[PDB]
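Take a look at the structure below.
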Ligand SMILES: NC(=O)c1ccc[n+]([C@@H]2O[C@H](COP(=O)([O-])OP(=O)(O)OC[C@H]3O[C@@H](n4cnc5c(N)ncnc54)[C@H](O)[C@@H]3O)[C@@H](O)[C@H]2O)c1
Ligand SMILES: [Cl-]
């Protein structure tokens, strides 16, 4: 009864979105510039949904067969977007390519559909520059693997209509994800700014030999990361003293003292990358089979954690 959802780009992220939207009861049309990618996407989604069902990880109440019947290939973009209510773009991370596609869509779409990019790093102000339908534009950035990790960052353009944000929020909630709002665009949005703050100090600590990369990673996974699975950094402050003000009173002099001892932004030189890599390879060799085995274990853990979080 409501429009379908269109996925523009049936790759890694496109396929995950398709599964998310199908589980919410939405009709999904998969478009790609390569028709073979639509065919492969439909085959891989069929195979993955069977795997999820067997793991007990398939979302919502609809059967495998119900959800799969919601997803079809649609190689014609005009037909795909006709009557759509949401278009999620999932083409490669390339500003000129995204702007081209958006300019094509701009000339054919109606005033109700929402146009949403999956981009992890491009600014809405550049993506949607000069578009007639700029009010309908938004970034909805997911976290890979989005079927297990629910966070979606919603990042508007300055001229994005509030209704676009609210509609997109409600849509993300219906499919089971966890939308949040980035009020004004900034480099890295929110998630990558925190991630890169951590990477930057970790890199310096290991380059300096304060700890090995493997021990630094245990400091996170047997320590700080266990807390962060459930509570964010600001709530941690709140709970680790008698409230946030108490925590600042106790610890803020120290936080400043520690931060004032930070080294400069790394170069991330090839020489240092190679030394870090040599260390990483002791635990996880950088050939395809070893990397894929470790990612499969990672994803199983993510899936089990998602299930735990849903119960508490
Ligand atoms: N971990 C991730 O992979 C990840 C996580 C979050 C966000 N993102 C973002 O999602 C977007 C897509 O990433 P991906 O990893 O799924 O890319 P991908 O390379 O897996 O898939 C891209 C798809 O776009 C298709 N394509 C290329 N040009 C096209 C065009 N003109 N029109 C239609 N389709 C076209 C390709 O054929 C391909 O199937 C990127 O902006 C990326 O930054 C990726
Ligand atoms: Cl270099």
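The count begins at 1 with the first shown residue.
How was it done? The header gives X-ray crystallography, 2.0 Å.
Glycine is treated like the rest: Cβ placed from N, Cα and C.
Annotation source Swiss-Prot lists NAD(+) binding site at 12, 13, 32, 93, 98. The Cβ of residue 93 (NAD(+) binding site) has 119, 120, 121, 122 as same-chain neighbours under 8 Å, each 6 or more residues away in sequence.
Look at Swiss-Prot and you will find 107 tagged as phosphoserine, backed by a large-scale study or a structure entry. Under the DSSP three-state reduction, residue 107 (phosphoserine) is assigned to helix.
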* Determine the binding-site residues, out of 13, 32, 93, 98, lying near ligand 1 in the sense that the CB is under 6 Å from one of its atoms, and give them in sequence order. => 13, 32, 93
* Asked: Can you count the other CB atoms that lie within 10 A of the CB of residue 13 (NAD(+) binding site)?
  -> 22
* Asked: Which of the three DSSP-derived classes (helix, strand, coil) applies to residue 98 (NAD(+) binding site)?
  -> helix
* Which whole-number value in Å describes the distance between the Cα atoms of residue 12 (NAD(+) binding site) and residue 107 (phosphoserine)? -> 27
* Asked: CA-CA, which of the binding-site residues 13, 32, 98 lies nearest residue 107 (phosphoserine)?
  -> 98
